[PDB]
Number of protein chains: 2
Amino acid sequence: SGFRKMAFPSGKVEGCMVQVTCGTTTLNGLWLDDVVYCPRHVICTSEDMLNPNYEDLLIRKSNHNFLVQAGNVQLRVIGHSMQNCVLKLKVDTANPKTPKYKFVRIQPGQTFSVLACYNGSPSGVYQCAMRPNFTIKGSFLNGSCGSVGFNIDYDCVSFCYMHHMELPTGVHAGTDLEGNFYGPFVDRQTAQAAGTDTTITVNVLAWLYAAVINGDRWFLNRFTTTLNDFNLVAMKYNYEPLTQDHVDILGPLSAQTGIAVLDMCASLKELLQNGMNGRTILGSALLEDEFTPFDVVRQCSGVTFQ
Amino acid sequence: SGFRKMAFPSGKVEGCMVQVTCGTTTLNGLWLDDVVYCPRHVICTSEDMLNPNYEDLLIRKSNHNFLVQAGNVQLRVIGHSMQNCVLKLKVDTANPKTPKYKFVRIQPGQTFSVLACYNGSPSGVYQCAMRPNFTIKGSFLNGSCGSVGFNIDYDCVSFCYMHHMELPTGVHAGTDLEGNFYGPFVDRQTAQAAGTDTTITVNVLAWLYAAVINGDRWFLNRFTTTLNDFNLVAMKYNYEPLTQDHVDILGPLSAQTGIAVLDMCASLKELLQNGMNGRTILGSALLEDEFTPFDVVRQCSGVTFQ
Ligand SMILES: [Zn+2]
Ligand SMILES: [Zn+2]
């Protein structure tokens with residue numbers, strides 16, 4: 001038994017990370033096949049950050065300059081393209097460690113693992129959720145830009161995230177691997193504005209089933225209802241609304257535990273107005289929303305096949 | 001910025017894990033140089049678990065039998081020794097992926113990363129603490145036995161833990177890599193008895209400094225005291241006592257924040273009788289004790305050098 005916020009093993013990603021340097025500046029990058037992917041503000045000089053014209057910043061940039069390192073080997077950049085907010089470089093040598101990779105643009109609420117890197121080397125791995133306002137509540141210091149987020153459900157690596165900014169509010173924003181920001185943000189070191197961050201209802205419910213599976217009963221009470229009375233409470237407390245689409249996703253956990261999705265909503269209803277709050281569930285005094293129904297199945301049972 | 005319970009990157013350990021099978025049964029094992037290390041109850045048959053005589057169970061065991069696998073390659077066990085509660089096998093091929101490794105017997109309160117594995121392959125990675133009663137509150141299902149815990153502070157892998165039992169109470173117990181159990185436990189599927197699990201005071205304080213560093217001030221109050229009045233409260237609430245040895249360990253964080261260890265104890269005093277408890281610190285409503293002072297420095301700043 002047990003329940004932990006676990007990350008995917010990072011081995012396959014560690015062999016893809018490089019130290020990228022241009023003009024001066026230096027940050028992390030992602031070496032697949034023979035292309036390096038990295039944030040485009042790698043080419044930005046300081047005052048540039050406050051108001052950059054990337055097209056003009058870069059049309060100057062030396063090819064044959066962006067300096068790329070990797071342990072005891074430095075990659076001779078040939079040449080260069082800018083895709084949206086990333087730069088792609090078509091360097092001299094191809095990563096023998098490129099695994100089956102793909103690219104994904106996940107949607108708010110999905111979870112992924114982040115390999116935080118400095119000076120191109122691994123620092124740590126943690127499991128995080130894309131918020132409904134398209135931010136991440138992360139852990140990144142100077143030089144972590146270019147660190148990526150990923151899944152290896154099976155057959156490896158769905159790259160889904162690349163870190164770019166720390167917002168003035170302390171939250172983190174970035175792009176998919178074709179350079180499209182998640183959310184209303186730019187790579188400008190200027191005033192921004194993220195949504196209201198709401199709690200991911202479907203994940204909270206998956207977490208309640210994981211608790212029942214692990215011996216947490218106390219909050220299963222003798223009520224229930226359908227999901228307009230729930231939804232009409234779940235949003236005064238700013239929880240995203242539950243749809244029949246979320247209900248279908250929870251089915252297997254319902255079949256596991258013999259507990260109807262709707263009856264679980266009932267105790268969640270009361271937990272908002274009475275229950276939670278210090279007797280803890282799975283050792284926490286808050287309701288946690290960084291597990292998908294899929295994370296609960298993978299872990300807790302469905303942990304064999306990659 | 002940010003604060004996350006992060007694990008060490010697991011790449012260097014993933015290449016050390018094998019699927020081990022004997023009599024029947026099958027569990028995880030650890031391939032370094034050309035020796036496999038695994039729990040000795042690998043050789044145990046079912047009824048055996050309830051009352052095993054390992055010396056007699058094994059003196060029978062076929063050499064030339066323990067079956068070991070690894071992707072598309074199976075290792076031809078030569079032969080075999082039992083060290084305390086592990087078996088060491090001196091197999092036919094040597095792991096080209098053995099990195100600088102060492103062995104450590106960490107002490108209660110230290111933290112490490114666990115790579116949970118099934119059928120010899122990676123499943124997930126999480127960051128955990130050895131409790132003062134020498135248990136771990138983990139996440140392990142059937143077949144995870146042989147999964148290891150490790151650090152890679154720098155120059156890689158201090159192996160410190162190998163999983164053996166799930167206690168009837170739901171907690172996990174295991175050994176160091178020479179087979180010496182942590183705590184009062186045996187590899188017998190019988191009645192046991194773990195200590196009272198107390199909160200790791202020094203870690204809680206490190207976590208408070210991490211919070212101050214990340215913009216949590218509210219709990220710094222205008223009190224203080226020396227550490228007999230603290231210790232005399234910290235143990236009614238069953239926190240291990242704070243020593244001058246813990247004080248010295250916190251110095252750098254004191255020098256970082258300009259906050260004396262003793263003044264931080266003061267707010268911790270009050271938090272026990274008034275403060276904590278729903279306005280959260282670093283987004284939690286409980287006091288967390290799974291960060292060492294060293295984890296706070298590594299992360300949050302001291303993240304460069306391996
Ligand atoms: Zn940057
Ligand atoms: Zn076992």
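Reckoned from all heavy atoms, side chains included, excluding hydrogens, waters and symmetry mates. Every chain is numbered from 1 and lettered A, B, ... according to where its sequence line falls, protein lines coming before strand lines. We count ligands from 1, going down the list as the structure has it; atoms in each ligand are counted the same way.
The distance cut-off of 2.8 Å around the Zn ion (ligand 1) captures these protein N, O or S atoms, sorted by chain and number: A:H41 NE2, A:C145 SG.
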| task | Test B:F181 against B:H164 for ring pair (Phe, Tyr, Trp, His ring centres under 6.0 Å), laying out the working first. | result | CA-CA 9 Å; B:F181 260 97; B:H164 292 242; 5.0 Å; yes
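Judged by distance alone, the side chain of B:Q299 and the main-chain N or O of B:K5 form no donor-acceptor pair under 3.5 Å. At distances below 3.5 Å, not a single donor-acceptor pair connects side-chain atoms of A:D33 with backbone N or O atoms of A:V35.
Residues passing the ring pair (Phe, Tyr, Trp, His ring centres under 6.0 Å) test with A:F140 are A:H163, A:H172, sequence neighbours excluded. Listed by chain and number, the residues in a ring pair (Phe, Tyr, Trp, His ring centres under 6.0 Å) with A:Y126 amount to none (sequence neighbours excluded).
Residue pairs satisfying the side-chain hydrogen bond (donor to acceptor under 3.5 Å, both in side chains) criterion with at least one member in residues 15-26 of chain B, sequence neighbours excluded, are listed as follows: B:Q19-B:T21, B:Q19-B:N119, B:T21-B:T26.
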